[PDB]
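Let me begin by presenting the structure, written as C-alpha cells, before commenting on it.
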Protein chains: 6
Amino acid sequence: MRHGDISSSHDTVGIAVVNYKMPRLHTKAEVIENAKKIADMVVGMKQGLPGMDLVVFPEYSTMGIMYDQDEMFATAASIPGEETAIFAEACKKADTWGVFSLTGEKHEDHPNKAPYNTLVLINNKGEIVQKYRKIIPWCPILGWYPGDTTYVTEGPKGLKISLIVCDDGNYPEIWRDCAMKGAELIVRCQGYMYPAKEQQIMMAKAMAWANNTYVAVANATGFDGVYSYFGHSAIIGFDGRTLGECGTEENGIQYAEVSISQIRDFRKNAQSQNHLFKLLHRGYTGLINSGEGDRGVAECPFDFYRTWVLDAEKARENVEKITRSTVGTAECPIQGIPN
Amino acid sequence: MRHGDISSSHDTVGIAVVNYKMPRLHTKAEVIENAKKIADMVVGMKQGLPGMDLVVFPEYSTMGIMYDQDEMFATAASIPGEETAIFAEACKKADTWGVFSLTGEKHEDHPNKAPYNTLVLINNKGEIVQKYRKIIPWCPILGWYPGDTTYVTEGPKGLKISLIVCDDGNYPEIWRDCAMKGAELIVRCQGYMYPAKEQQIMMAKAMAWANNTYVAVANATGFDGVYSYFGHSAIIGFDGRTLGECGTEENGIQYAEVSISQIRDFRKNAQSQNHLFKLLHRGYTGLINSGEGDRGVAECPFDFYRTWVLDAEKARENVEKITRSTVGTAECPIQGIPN
Amino acid sequence: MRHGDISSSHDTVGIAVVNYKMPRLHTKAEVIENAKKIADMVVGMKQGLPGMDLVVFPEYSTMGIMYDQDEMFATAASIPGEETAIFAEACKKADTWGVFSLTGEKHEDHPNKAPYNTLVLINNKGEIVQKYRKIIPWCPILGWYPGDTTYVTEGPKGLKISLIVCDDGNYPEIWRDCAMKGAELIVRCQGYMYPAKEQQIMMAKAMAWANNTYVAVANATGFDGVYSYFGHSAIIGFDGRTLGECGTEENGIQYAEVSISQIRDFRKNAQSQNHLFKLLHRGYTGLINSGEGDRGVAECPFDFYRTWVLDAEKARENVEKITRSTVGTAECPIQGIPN
Amino acid sequence: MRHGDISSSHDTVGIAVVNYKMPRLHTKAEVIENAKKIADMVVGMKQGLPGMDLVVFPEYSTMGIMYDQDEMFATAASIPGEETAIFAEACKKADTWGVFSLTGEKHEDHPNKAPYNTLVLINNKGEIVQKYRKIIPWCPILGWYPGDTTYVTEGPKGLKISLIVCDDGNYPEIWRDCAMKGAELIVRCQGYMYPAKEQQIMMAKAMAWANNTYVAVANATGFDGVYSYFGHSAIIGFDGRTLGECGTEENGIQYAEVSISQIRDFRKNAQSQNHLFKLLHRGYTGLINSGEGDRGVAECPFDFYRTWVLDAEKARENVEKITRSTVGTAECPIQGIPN
Amino acid sequence: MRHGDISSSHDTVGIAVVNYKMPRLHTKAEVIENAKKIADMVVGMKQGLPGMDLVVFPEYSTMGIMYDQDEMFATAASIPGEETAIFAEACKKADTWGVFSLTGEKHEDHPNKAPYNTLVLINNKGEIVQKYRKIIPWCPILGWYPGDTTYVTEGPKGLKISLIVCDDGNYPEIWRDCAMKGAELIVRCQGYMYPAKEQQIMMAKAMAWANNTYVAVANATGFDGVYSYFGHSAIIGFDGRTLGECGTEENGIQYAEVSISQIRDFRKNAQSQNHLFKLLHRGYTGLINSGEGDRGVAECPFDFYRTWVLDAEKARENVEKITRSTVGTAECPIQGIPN
Amino acid sequence: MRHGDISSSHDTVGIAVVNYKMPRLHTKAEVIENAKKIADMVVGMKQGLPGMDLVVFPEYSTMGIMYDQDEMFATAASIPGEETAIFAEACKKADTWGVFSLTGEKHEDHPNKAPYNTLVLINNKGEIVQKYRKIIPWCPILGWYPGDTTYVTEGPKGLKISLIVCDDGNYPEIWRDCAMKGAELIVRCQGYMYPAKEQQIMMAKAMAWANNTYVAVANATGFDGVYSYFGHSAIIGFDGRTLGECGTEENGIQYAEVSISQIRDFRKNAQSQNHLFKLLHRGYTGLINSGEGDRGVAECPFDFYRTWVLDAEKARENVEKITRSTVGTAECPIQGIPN
Ligand SMILES: [Cl-]
Ligand SMILES: [Cl-]
Ligand SMILES: [Cl-]
Ligand SMILES: [Cl-]
Ligand SMILES: [Cl-]
Ligand SMILES: [Cl-]
C-alpha cells in the first residue's frame with residue numbers, strides 16, 4: 001500500500017487503472033479495431049511501468065455503450081471470443097493480468113434475451129480466470145440482463161480479487177459479499193457518467209474502509225454523444241486512504257503498489273477497526289465481563305436482511321411503500337418503463 | 001435540505017448537533033450536575049436558534065466514559081430516571097425534541113451484567129419516544145452489553161427518526177436496516193476518538209448517499225485523560241452533500257434545516273439513484289425488454305447475507321479463516337481479552 | 001436543490017450545463033455547422049437525462065471568438081436567425097428549454113457599429129423568450145457593444161430566469177439587480193479563459209449565497225489558438241452550496257435538480273440570512289425596541305450608489321483618482337487602447 | 001501581500017487578527033476586567049510579532065453579547081470612555097494601531113433608544129481616528145440601533161482603512177462603497193456564530209477579489225451560553241487569495257504583511273480585472289471601435305439601484321412581494337417580532 | 001504505514017503525537033508539576049492505545065517558552081534530571097518509548113552561556129537513548145545556544161529514529177542528513193506559532209517524500225500570552241501521504257502504525273522514486289548506454305554545497321549579498337539584534 | 001506576486017506556463033512541424049496576454065519522448081539549431097522571452113554517447129541566454145547523459161532565472177543551489193507522468209517556500225502511447241502560495257505576475273523565515289546573548305554534505321547499505337539495467 005513509484009516487489013502487486021476515453025461505435029468491425037487499440041495501450045503502458053502486474057479498463061471501454069438495440073445485439077460478444085483473444089495476447093506479451101469489459105456478452109438465449117454486462121479477469125498466460133456479470137444494472141436507462149453471483153479468484157502473486165461493475169458499487173452489500181468471500185482487492189469498472197461525481201469518488205474510499213479491502217476503480221472519460229464520463233480512476237488502500245487518483249483527463253493512468261503482506265497482517269492483527277471480524281463477534285468484551293463466553297454474538301440483528309433472505313417479495317413490498325409501486329414515474333416518464 | 005439560516009418552516013425540521021466537551025466524571029452527583037449543564041445548554045441554544053426542533057448530543061456526553069468498572073456500575077442510569085427527567089424538562093421549556101446519551105443504562109440483571117450503552121429520543125412534551133441500545137460496542141476497549149434492535153419513530157413534524165451509536169455506523173448494514181424500516185433521518189451519536197477522523201467524516205456522507213436518508217452526527221470533543229475526541233459534528237443531506245460541519249472545537253454547534261417534502265418527493269420520484277428502490281427491483285429494464293415481467297428481480301443474490309441469516313455460526317467461522325480465531329491477538333495483548 | 005439523479009419531478013427543474021469545447025471558426029458556413037453539432041448534442045443529452053428541462057451552453061460556444069474584425073462582422077447573427085432556428089428545433093425535439101450564445105448579434109447600425117454579445121433563452125416550443133446583451137464587455141481585449149438592461153422571464157415550470165454573460169458576473173450589482181427583479185435562477189454563460197480560475201468558481205457560489213438565488217454556470221473548455229478555457233461549469237444552490245461542478249474536461253456535463261417550492265419557501269420564511277429582505281428593512285428589531293415603527297429602515301445608506309445614480313460622471317471621476325485616468329496603461333500598451 | 005514571516009518593512013503593514021474567545025459577562029466591572037485582558041494580549045502579541053502595525057479584535061470581544069436588555073443598557077460604553085482608554089494605552093505601549101469593539105455604544109438618547117454596535121480604530125499614539133456604527137444589524141435576534149455611514153481613514157503607513165461589522169459583510173454594497181471611497185483595506189470584525197461557516201469564509205475572499213481590496217477578518221470563538229462562534233479569522237490579498245486563516249481555535253492569531261505599493265501599482269495598472277475602473281467605463285474597446293469616444297459608458301444600468309436611491313419605499317415594496325410583508329414569520333415566531 | 005486502528009503488530013510501530021497545550025510557567029516547581037501532568041497523560045493514553053510504542057510531545061511542552069531570561073536560567077534542566085526521571089517512569093509504567101522537550105538544557109558553561117533547546121528519546125526501560133540539541137534556533141525572537149550534530153538511534157522494534165526541532169525542519173538539509181545516516185523515522189517536535197501554518201504542514205509531507213522516510217510531527221496548541229500555536233500534529237508515510245493529522249484542538253492526539261518491513265522493502269526495491277539511491281548514482285541508464293560503467297555518477301554537482309563545506313565564510317558572504325549584511329534590519333528593529 | 005489579471009507592470013514579470021499536449025513523433029520532419037505549432041502558440045497567446053514577458057513549455061514538448069534509440073539519435077538537436085531558430089522568431093515576433101525543451105541535444109561525441117536533455121532560455125531579441133542540461137535524469141526508464149552545472153541568468157526586466165528539469169526537482173539540493181546563486185525564479189520544465197501527481201504539485205510549493213524563490217512549473221498532458229502526463233502547470237509565490245494552477249487539461253495555460261521589488265524587499269527584510277539568510281547565521285540571538293559575536297554560525301553541521309563533497313565514493317557506499325548495491329533490482333527487472 002504505497003504510492004509514487006513505477007516499480008513493484010515480490011510483496012506488492014503493481015496495479016494500473018485507465019481513464020479510457022469512451023468509444024462511440026456501431027459495428028463489429030469498429031469494436032474489433034478498438035479492442036486492438038486497448039491491446040496496444042496495454043503493451044505500451046508496460047514499457048513505462050515495469051512493475052505492472054494488473055491493468056484495469058472501464059466498463060464499456062471495448063464497445064462503448066450500444067444505445068441502439070440492433071447494434072447492441074449485433075456486437076454482443078462471445079466469451080471466450082475474438083475480443084478476449086486480442087486482450088489475452090496483450091496480457092501475455094506484457095506479462096500482466098488484466099480486466100476488460102464486454103458489453104454486451106451474448107445471453108444463453110441470444111438474441112431472444114438482453115445480453116449481460118460482463119467483466120473478465122485474464123491472467124498473464126492469457127487465460128480467463130473470472131467472468132463477472134453485473135448484478136445491478138444502471139436502470140432505467142440501461143437494459144442489460146442481471147447476473148446473480150459474485151466471485152473471488154487468486155490473482156497476481158496470490159492477491160485475491162473480485163470484480164464488480166459501476167452501479168453495483170452503490171450498494172454496500174456487494175462489497176461486503178466479496179470481502180466476506182475473502183477478496184483482498186475489489187476492482188470496480190465503471191462507465192460512470194456525470195452527475196454523481198463527488199459521491200462516487202467518496203463511495204469507493206468508504207467501501208475500502210468499511211470492508212478492510214484494497215479497491216481499484218477504472219472509470220471512462222469524454223463525451224460519447226449522450227453522456228459525459230468523469231474519470232477519476234483511482235486505487236485506494238484498505239485503510240480508506242487514496243493511493244492515487246486521476247482527474248477527468250482522457251486516457252489518464254494511475255499506478256500504485258498494494259502489499260499482500262500488509263493486508264494479511266492487518267486482517268489478522270487489527271482490533272478496533274477489524275470490521276469483518278467485529279461484525280460477527282458483537283459485544284465480545286461485554287459478554288466476557290458479564291460471564292457469557294468469549295466469542296461475542298454472531299446472530300444477524302437486522303430485520304431487513306432477515307426478511308430479504310426469507311421473503312424477498314415482502315421486502316419488495318415494504319420498499320414500495322417508502323418509494324413507489326411501479327418501476328417508472330409519471331412525473332418523469334421514459335419510453336418502455338411503465339408508471 | 002438547506003444551510004445557513006437560524007429559522008425553520010412548516011416543511012423543515014431545524015436540527016442542531018453539539019460538539020460537546022467530553023466530561024471526566026466519577027460519581028453520581030457529578031453526573032447529575034453535568035446533566036444540568038446540558039439542560040441549561042439546550043435552553044440557551046433555543047434562544048439563538050428559534051427554528052430548532054431537534055437537538056443532538058454525543059455518545060457519553062452525560063457520564064463521560066466510566067473507565068473504572070465500579071464507577072461504571074455505580075453511575076449506571078435508570079430509564080426513565082433522574083437524568084432523563086432533567087433532559088425532559090429542558091426539551092419542554094425550549095419546545096424541542098432531543099437526543100441524549102446514557103452510558104451506562106442499567107442491565108435488567110444489574111449489577112450482575114454489563115450496562116447497555118443507550119440513547120433516548122425525548123419529544124417536546126418531555127416524553128421518551130425511542131430508546132436505543134448500541135448493537136455493536138467499540139470492542140476491545142469498551143465493555144457494554146450489546147443491544148439487538150433498531151427502531152423508527154415519528155419525530156418532529158412527522159420526520160421519521162432512527163438512532164445509532166458511534167461504532168454502529170462503521171457497518172453499512174445498520175444504516176440500511178433503519179432506512180428500510182422507513183427512517184428519513186438517521187442520527188449517529190458518537191464519542192469518536194482519534195485516530196480515524198477522516199474516515200468517519202466520510203462514512204456519514206457515504207451512508208446518507210447510499211441509503212437516501214438525512215444524517216445528523218454529534219461527536220464529542222476534548223481530551224478526557226485517556227482519549228482525545230475529534231468533533232466534526234455534522235448534518236448531511238440525503239444526496240450525500242454536507243449541510244454544515246463543525247471543526248474540532250469544544251462545544252461547537254451546527255444547525256441546518258431538513259425538508260420533509262424534499263425527501264418524500266425524492267424517494268417517490270428519483271430513478272437512477274433511488275437506491276432503496278433499485279436494490280429490490282434489479283435489472284427491471286432488462287427483464288421488461290426480455291419479456292419477463294415489469295418488476296425486476298427482488299431475490300437476495302449475496303451469499304454472505306444468506307449464510308449469516310441461516311447459519312450465523314458458519315458465517316462466523318468463515319470470517320475467522322480470513323481474520324483470526326480469538327477475540328484478542330498475542331501481538332497486541334489487552335487484559336481480559338483472550339488470544 | 002438536490003444532486004445525483006438524472007430524473008426531475010413536478011417541483012424540480014432539471015438543469016444541464018455544458019463545458020463546451022471552444023470552436024476555432026472563420027466563416028458563416030463553419031458557424032452553421034457548429035450550430036448543428038450543438039443541436040445534435042442537445043438531442044443526445046436528452047436521451048440520457050430524461051429530467052432535463054434546461055440546457056445551458058457557454059458564451060462563444062456557437063461562433064467561437066472571432067478575433068479577426070472582418071470575420072466578426074461577416075458572421076454576426078440576426079436574432080431570430082438561422083442559428084437560432086437550428087437551436088429552436090433541438091429544444092422542440094428534446095422538449096427542453098435552452099440557453100445559447102450569439103457572438104456577435106448584429107448591431108441596429110450593422111456593420112457601422114460593433115455587434116452585441118448576446119444570449120437567448122429558447123423555450124420547449126422553440127420560441128425565443130429572453131434576449132440578453134452583455135452589459136459589461138471583457139475589455140480591453142474584447143470589443144463588443146455594451147447592452148443596457150437585465151431581464152427576468154418565466155422559465156420551465158414557472159422558475160424565474162435571468163441571463164448574464166461572463167465578465168458581467170464579476171460585478172455583484174448585476175446579480176443583485178436580477179434577484180431584486182425576482183429571478184430565482186441566474187444563468188451565467190462564460191468563455192472564461194485562464195488565469196482567474198479559482199476566483200470565478202468562488203464568485204458564482206458567493207453570488208448564489210448573497211442573493212438567495214440558484215445559479216447555473218456554463219463555461220468553455222480547450223485551447224482556441226489564443227486562450228485556454230478552464231471549464232468548471234456548475235449548478236449552485238441558493239444557500240451557496242455547490243450541487244455539481246465539472247472539471248476542466250472538454251464537453252463535460254453537469255446536471256442537477258433545483259426545487260421551485262424550496263426557493264419560494266425560503267424567500268418567504270428565512271430570517272437571519274434573508275438577504276433580499278434584510279437589505280431594505282435594516283435594524284428592524286432595534287427600531288421596534290426603540291419605539292420607531294416595525295419596518296426597519298429602507299433608505300440607501302451608501303454614498304457610492306447615490307452618486308453613481310445622480311451623477312455618473314462624478315462617480316467616474318472619483319474612480320479615476322483611485323485607479324487611472326485613461327482606459328489604457330503605458331506600462332502594458334494594447335493597440336487601439338489609448339494611454 | 002505575502003505570508004509566513006513575523007517581520008514588516010517600510011512598504012508593508014503587519015496585520016494581526018485574533019480569534020478572541022467570546023466572553024460571557026454581566027456587569028460593568030466584568031467588562032473593564034476583560035478590556036484589560038485584551039490590552040495585555042496586545043502588548044504580549046507585540047513581543048512575538050515585531051512587525052505588527054495593526055491588531056484586530058472581533059465584534060463583541062469587549063462586552064460579549066449582552067442578551068439581557070438591562071445589562072445591555074447598564075454596560076453600554078461612552079466613546080471615548082474608560083474601555084477605549086485601556087485600549088489606547090496598549091496601542092501606545094506596543095506602538096500599534098488597533099481595532100476594538102464596543103457593543104453597545106450609548107445612543108445620543110440613551111437609555112431611551114437602543115445602543116449602537118460600534119468599532120473604533122485607534123492609532124499608535126492612542127487616538128481614536130475612526131468610529132463606525134454597524135449599518136445592518138443581525139436581525140431578528142440582535143437589537144442594536146442601525147448606523148448610517150461608512151468611513152475611510154489614513155491608517156498605518158498611510159494604508160487606507162475602512163471598518164465594517166459582521167452581518168454588514170453579507171451585503172456586497174458595503175464593500176463596494178468602502179472601496180469606491182478609496183479604502184485599500186476593509187476590516188470586518190465579527191461575532192459570527194455557527195451555522196454559516198463556509199459561506200462567510202468564502203464571502204470575505206470573493207469581496208476582496210470583487211473590490212480589488214485587502215481584507216482582514218477577526219471572528220470570535222467558543223461557546224457563550226447561547227451561540228458557538230466558528231473563528232476562521234483571516235487576512236486576504238486583493239487578488240482574492242488567502243494570506244493566512246485560523247481554524248476554530250480559541251485565541252488563535254493570524255499575521256500577514258500587506259504591501260502598500262503592490263495595491264497602488266495594481267489599481268493603476270491592472271486591466272482585465274480592474275473591477276473598480278471597469279464598472280464606470282463599460283464597453284470602452286467597443287465604443288472606441290464604433291467611433292463613440294474613449295471613455296466607455298459610466299451611467300448606472302441597474303434599475304434596482306436607481307429605484308432604491310430615488311424611491312426607497314418602492315424598493316421595499318418590491319422586495320416584500322418576492323419575500324414577505326412583515327419582519328417576522330408565523331412559521332417561526334420570535335417574541336417582539338410581529339408577523 | 002496504515003491508519004485508523006488502535007492496535008500495532010510485530011511489524012508495526014504504534015506512534016502517538018500530541019497537540020499539547022502550551023504551558024505558561026515561571027518557576028521550577030511549576031515545571032515539575034507540568035512534567036507530572038505529561039507523565040499522567042502518557043499513562044492514560046496507553047490505556048486507550050494498546051499498540052502505542054512511541055509517544056511524542058511538542059517542543060516547549062515541559063517548560064513552555066521562558067520569555068524572561070532570569071526565569072529561563074532558573075528553570076534550565078539537567079539531563080538526566082528530575083524532569084527526565086518523571087518521564088522515564090511513565091515510559092516504563094506504560095511500556096512505551098517517548099520523546100520529550102527540555103527548554104532549556106543547561107549549557108556546559110551555565111549560567112554564563114544560553115541553554116540548549118533539547119529533545120530526549122527515552123526507551124521503554126526508562127533509559128535516555130538520544131539527546132538532540134537544536135541546530136537552527138528560531139532566531140531572531142528565540143535565544144538558545146545552537147547544537148551541532150544529528151543522531152540516528154535504534155528505536156522501538158528496531159525502527160531507526162532521528163529527532164529534529166521546529167525551525168530545523170524548514171531546512172531540507174537536516175532531513176537529508178538524518179535519512180542518509182539511516183533514519184527511517186524523523187520526529188519533528190515543534191512549538192510552531194502562527195503565521196506559517198499551511199507551509200509547515202506541507203513541508204513535513206514534502207520532506208517525508210523527498211527523503212523516503214516516515215515523519216511524525218508534534219506541535220503545541222493554545223495561546224501562551226505571546227504566541228498562538230496551530231497544532232496539526234501528524235504522522236506521515238514515506239510516500240508523502242498523511243496517515244493522520246490533528247486540527248488546532250488543545251490536547252488533540254493522532255495515532256498511526258508505521259511498518260518496519262514496508263520501508264525496508266521500499267528502500268531496497270523502489271526505482272523511479274528511490275531518491276536516496278538516485279542522488280548518488282545520477283544518469284545510470286545514460287552512462288551504461290554510453291559505455292561508461294554501471295554506477296552512474298556520485299560526485300556532488302552543486303557549487304553551493306562545495307563552497308559551504310570548503311569555505312563557510314565565503315558561503316556566508318555570498319548569501320549576505322542576496323539578503324542583507326547584519327542579523328537585524330532597521331525597517332523592523334528588535335532590541336539586542338544589531339542592524 | 002499577484003494573480004488574476006492579463007496585464008503586467010514595470011515591477012512585474014508576466015509569466016505563462018503551458019500544459020502542452022505530449023507529441024508522439026518519429027522523424028525530424030515531424031519535430032520541425034511540431035516546433036512550428038509551438039511557435040504559432042506563443043504568438044497567439046501573446047495576443048490574449050499583453051503582459052506576457054516569459055512563456056514556458058514542458059520538458060519533451062518539442063520532440064516528445066523518443067523511446068526508440070535510433071529515432072532518438074536521428075532527431076537529436078543542435079543548439080543553436082533549426083528548432084531553436086523557430087522558437088527565437090516567435091519570441092521576437094511576440095516580444096517575449098521563452099523556455100523550450102530539446103530532447104535530445106546532441107552530445108559532444110554524438111552519436112557515440114547519449115544526448116543531453118536540455119532547456120534553453122531565449123530572450124525577446126531571440127538570443128539563447130541560458131542552456132541547461134538535466135543533472136539528474138529520470139532513471140531507470142530514461143537514458144540521457146547527465147549534465148553537471150546550474151546557471152543563473154538575468155531575465156525579463158532583470159528578474160534572475162534558473163532552469164531545472166522534471167526529476168531534478170525531486171532533490172531539494174538543486175533548488176537550494178540555484179537560489180544561493182541568486183535565482184529569483186526557478187523554472188521547472190517537466191514531462192511528469194502519472195503516478196506521483198500530488199507529491200509533485202506539493203514539492204514545487206515546498207521548494208518555493210524553503211528557498212524564498214518564485215517557481216514556475218510547466219508540465220505535459222495527454223497520453224503518448226506509453227505514459228499519461230498529469231498537467232498541473234503552476235506559478236507559485238516565494239511565500240509558498242500558489243498563484244495559479246492548471247488542471248489536467250490538454251494545452252491548458254496559466255498566467256501570473258511576479259513582482260521584482262517584492263522578492264527583493266523580502267530577501268532584504270524578512271527575519272523569521274529568511275531561510276537563505278538564516279541557514280548561514282545559525283543561532284545568532286544565542287551567540288550575541290552568550291557574548292560570542294553577532295554573526296551566528298556559518299559552518300556546515302551536516303556530515304552527509306561534508307562527506308559527499310570530500311569523498312563521493314564513500315557517500316555512495318553509505319547509501320548503498322541503506323538501499324541496494326546495484327542500479328537494478330531482480331524483483332522488478334528492466335532490460336539493460338543490471339541487478
Ligand atoms: Cl448497466
Ligand atoms: Cl462502545
Ligand atoms: Cl466581452
Ligand atoms: Cl447585530
Ligand atoms: Cl528556537
Ligand atoms: Cl530523464
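Identifiers for the C-alpha cells are assigned positionally: chains receive A, B, ... in sequence, residues are indexed from 1 per chain, and ligands are indexed from 1 in the order shown.
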What's around residue F:304 at 7 Å? Count only C-alpha atoms, leave out sequence neighbours fewer than 4 positions away in its own chain, and write the answer as an MDAnalysis selection string. (chainID E and resid 177 180) or (chainID F and resid 308)
Could you list the protein, DNA and RNA residues that have any atom within 6 Å of ligand 2, counting only C-alpha atoms and all ligand atoms, and write them as a JSON list (two decimals) with N, CA, C and O atoms, in the first residue's frame?
```json
[["chain", "number", "residue", "atom", "x", "y", "z"],
["B", 137, "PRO", "N", -20.99, -2.65, 20.22],
["B", 137, "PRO", "CA", -19.99, -1.93, 21.03],
["B", 137, "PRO", "C", -18.55, -1.82, 20.49],
["B", 137, "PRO", "O", -18.04, -2.72, 19.81],
["B", 138, "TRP", "N", -17.87, -0.71, 20.84],
["B", 138, "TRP", "CA", -16.50, -0.44, 20.33],
["B", 138, "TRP", "C", -15.49, -1.31, 21.07],
["B", 138, "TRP", "O", -14.59, -0.82, 21.80],
["B", 142, "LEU", "N", -13.99, -1.06, 24.99],
["B", 142, "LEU", "CA", -15.25, -0.77, 25.71],
["B", 142, "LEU", "C", -16.16, -1.97, 25.91],
["B", 142, "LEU", "O", -16.37, -2.76, 24.95]]
```
List all protein, DNA and RNA residues that have an atom no more than 8 Å from any atom of ligand 3, counting only C-alpha atoms and all ligand atoms, and report them as a PyMOL selection string. chain C and resi 117+134+136-139+141-144+166-167
Can you pull out the residues contacting residue F:41? Cut-off 10 Å, using only C-alpha atoms, and skip same-chain residues under 2 positions away; I want them as a PDB file with N, CA, C and O atoms, in the first residue's frame.
```
ATOM      1  N   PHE C 223      -8.315  24.880 -25.935  1.00  0.00           N
ATOM      2  CA  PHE C 223      -7.478  25.956 -26.358  1.00  0.00           C
ATOM      3  C   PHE C 223      -7.870  26.349 -27.785  1.00  0.00           C
ATOM      4  O   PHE C 223      -8.105  25.509 -28.606  1.00  0.00           O
ATOM      5  N   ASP C 224      -8.023  27.621 -28.067  1.00  0.00           N
ATOM      6  CA  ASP C 224      -8.602  28.044 -29.354  1.00  0.00           C
ATOM      7  C   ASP C 224      -7.610  28.802 -30.234  1.00  0.00           C
ATOM      8  O   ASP C 224      -8.006  29.376 -31.275  1.00  0.00           O
ATOM      9  N   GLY C 225      -6.298  28.773 -29.884  1.00  0.00           N
ATOM     10  CA  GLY C 225      -5.303  29.483 -30.666  1.00  0.00           C
ATOM     11  C   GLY C 225      -4.813  30.693 -29.959  1.00  0.00           C
ATOM     12  O   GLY C 225      -3.739  31.227 -30.269  1.00  0.00           O
ATOM     13  N   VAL C 226      -5.613  31.180 -29.054  1.00  0.00           N
ATOM     14  CA  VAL C 226      -5.322  32.373 -28.288  1.00  0.00           C
ATOM     15  C   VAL C 226      -5.404  32.054 -26.796  1.00  0.00           C
ATOM     16  O   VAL C 226      -4.428  32.245 -26.103  1.00  0.00           O
ATOM     17  N   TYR C 227      -6.564  31.582 -26.325  1.00  0.00           N
ATOM     18  CA  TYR C 227      -6.867  31.403 -24.904  1.00  0.00           C
ATOM     19  C   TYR C 227      -7.098  29.946 -24.664  1.00  0.00           C
ATOM     20  O   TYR C 227      -7.538  29.173 -25.601  1.00  0.00           O
TER      21      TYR C 227
ATOM     22  N   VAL F  18       2.553  26.447 -19.847  1.00  0.00           N
ATOM     23  CA  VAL F  18       1.685  25.701 -20.794  1.00  0.00           C
ATOM     24  C   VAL F  18       1.644  24.195 -20.516  1.00  0.00           C
ATOM     25  O   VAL F  18       2.660  23.490 -20.532  1.00  0.00           O
ATOM     26  N   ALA F  35       7.571  21.942 -33.722  1.00  0.00           N
ATOM     27  CA  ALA F  35       8.253  23.194 -33.338  1.00  0.00           C
ATOM     28  C   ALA F  35       7.503  24.423 -33.850  1.00  0.00           C
ATOM     29  O   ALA F  35       7.288  25.391 -33.179  1.00  0.00           O
ATOM     30  N   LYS F  36       7.016  24.362 -35.072  1.00  0.00           N
ATOM     31  CA  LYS F  36       6.253  25.411 -35.600  1.00  0.00           C
ATOM     32  C   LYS F  36       4.879  25.582 -34.977  1.00  0.00           C
ATOM     33  O   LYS F  36       4.413  26.700 -34.920  1.00  0.00           O
ATOM     34  N   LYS F  37       4.253  24.497 -34.524  1.00  0.00           N
ATOM     35  CA  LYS F  37       2.966  24.638 -33.755  1.00  0.00           C
ATOM     36  C   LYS F  37       3.210  25.331 -32.462  1.00  0.00           C
ATOM     37  O   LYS F  37       2.373  26.150 -32.028  1.00  0.00           O
ATOM     38  N   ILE F  38       4.334  25.051 -31.809  1.00  0.00           N
ATOM     39  CA  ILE F  38       4.699  25.802 -30.564  1.00  0.00           C
ATOM     40  C   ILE F  38       4.884  27.257 -30.806  1.00  0.00           C
ATOM     41  O   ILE F  38       4.404  28.147 -30.035  1.00  0.00           O
ATOM     42  N   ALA F  39       5.619  27.572 -31.890  1.00  0.00           N
ATOM     43  CA  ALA F  39       5.842  28.952 -32.307  1.00  0.00           C
ATOM     44  C   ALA F  39       4.544  29.658 -32.560  1.00  0.00           C
ATOM     45  O   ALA F  39       4.314  30.721 -31.998  1.00  0.00           O
ATOM     46  N   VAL F  43       2.889  33.059 -30.340  1.00  0.00           N
ATOM     47  CA  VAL F  43       2.389  34.266 -30.945  1.00  0.00           C
ATOM     48  C   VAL F  43       0.925  34.490 -30.661  1.00  0.00           C
ATOM     49  O   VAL F  43       0.507  35.632 -30.376  1.00  0.00           O
ATOM     50  N   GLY F  44       0.113  33.406 -30.649  1.00  0.00           N
ATOM     51  CA  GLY F  44      -1.344  33.554 -30.336  1.00  0.00           C
ATOM     52  C   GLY F  44      -1.583  33.934 -28.888  1.00  0.00           C
ATOM     53  O   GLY F  44      -2.306  34.877 -28.548  1.00  0.00           O
ATOM     54  N   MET F  45      -0.886  33.257 -27.984  1.00  0.00           N
ATOM     55  CA  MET F  45      -1.050  33.533 -26.589  1.00  0.00           C
ATOM     56  C   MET F  45      -0.760  35.023 -26.315  1.00  0.00           C
ATOM     57  O   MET F  45      -1.437  35.665 -25.519  1.00  0.00           O
ATOM     58  N   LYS F  46       0.269  35.582 -26.973  1.00  0.00           N
ATOM     59  CA  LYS F  46       0.625  36.975 -26.741  1.00  0.00           C
ATOM     60  C   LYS F  46      -0.496  37.953 -27.055  1.00  0.00           C
ATOM     61  O   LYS F  46      -0.647  39.000 -26.399  1.00  0.00           O
ATOM     62  N   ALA F  90       9.594  33.356 -32.833  1.00  0.00           N
ATOM     63  CA  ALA F  90       8.354  33.598 -32.100  1.00  0.00           C
ATOM     64  C   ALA F  90       8.555  34.507 -30.945  1.00  0.00           C
ATOM     65  O   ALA F  90       7.726  35.390 -30.690  1.00  0.00           O
ATOM     66  N   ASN F 251      -3.314  21.396 -23.247  1.00  0.00           N
ATOM     67  CA  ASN F 251      -2.996  22.760 -23.667  1.00  0.00           C
ATOM     68  C   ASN F 251      -3.685  23.807 -22.802  1.00  0.00           C
ATOM     69  O   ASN F 251      -3.934  24.940 -23.218  1.00  0.00           O
TER      70      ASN F 251
END
```
So that I can check the surroundings of residue E:321, please list as number ranges by chain every protein, DNA and RNA residue that reaches within 10 Å of it, counting only C-alpha atoms and ignoring chain neighbours fewer than 4 positions away. E: 316-317, 325; F: 182, 268, 277
Keeping only N, CA and C atoms, write those residues as a PDB file, in the first residue's frame.
```
ATOM      1  N   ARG E 316      28.792  32.470   3.430  1.00  0.00           N
ATOM      2  CA  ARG E 316      28.074  33.465   4.185  1.00  0.00           C
ATOM      3  C   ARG E 316      28.083  34.772   3.472  1.00  0.00           C
ATOM      4  N   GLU E 317      29.254  35.112   2.952  1.00  0.00           N
ATOM      5  CA  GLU E 317      29.389  36.360   2.292  1.00  0.00           C
ATOM      6  C   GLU E 317      28.506  36.394   1.056  1.00  0.00           C
ATOM      7  N   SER E 325      23.409  42.229   5.197  1.00  0.00           N
ATOM      8  CA  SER E 325      24.722  42.042   5.876  1.00  0.00           C
ATOM      9  C   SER E 325      24.672  41.882   7.381  1.00  0.00           C
TER      10      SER E 325
ATOM     11  N   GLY F 182      21.652  33.069  -6.547  1.00  0.00           N
ATOM     12  CA  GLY F 182      20.922  34.320  -6.681  1.00  0.00           C
ATOM     13  C   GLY F 182      19.603  34.268  -7.507  1.00  0.00           C
ATOM     14  N   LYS F 268      15.749  41.092   1.676  1.00  0.00           N
ATOM     15  CA  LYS F 268      16.407  42.122   2.464  1.00  0.00           C
ATOM     16  C   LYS F 268      15.821  42.236   3.916  1.00  0.00           C
ATOM     17  N   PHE F 277      19.230  33.448   4.428  1.00  0.00           N
ATOM     18  CA  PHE F 277      19.992  34.106   5.419  1.00  0.00           C
ATOM     19  C   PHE F 277      20.261  33.302   6.668  1.00  0.00           C
TER      20      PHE F 277
END
```
